[PDB]
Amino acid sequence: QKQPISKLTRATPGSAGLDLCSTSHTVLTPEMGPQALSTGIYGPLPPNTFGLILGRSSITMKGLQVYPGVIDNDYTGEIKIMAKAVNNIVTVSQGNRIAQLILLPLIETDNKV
């Protein structure tokens, strides 16, 4: 905070996603329902793109579900990760890579604004 999306890294050259870490240590239980985890990373996005926050498979398989989230092109707030412990108690350590940001083209349409 406030760090822009350009400070994010890719695991490897062919990785679709930019890694997102939580800035806090947080414990999640199933009965808590959706929680919004801070990343300290902020919009906006490159021109003509929008973003999608998705889970990392290794984290999904460990029982933390990330709800897919749309990041609008002109969002200037903090990108947060919407997450829920599926079945068990999940512990997120500070700096753990818990989600990924995918960049996608933003298609123009004549839809009324």
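A residue's number is simply how far along the shown sequence it sits, counting from 1.
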item: Stretch exceeding the other in mean C-alpha B-factor - 39 to 47, 65 to 73; value: 39 to 47
item: Third assignment of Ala11 from its chain's C-alpha B-factors; value: highest
item: Third of the chain, ranked by Cα B-factor, where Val92 sits; value: highest
item: Record-listed C-alpha B factor of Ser58: chain third; value: middle
item: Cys21, C-alpha B-factor rank within chain (lowest, middle or highest third); value: highest
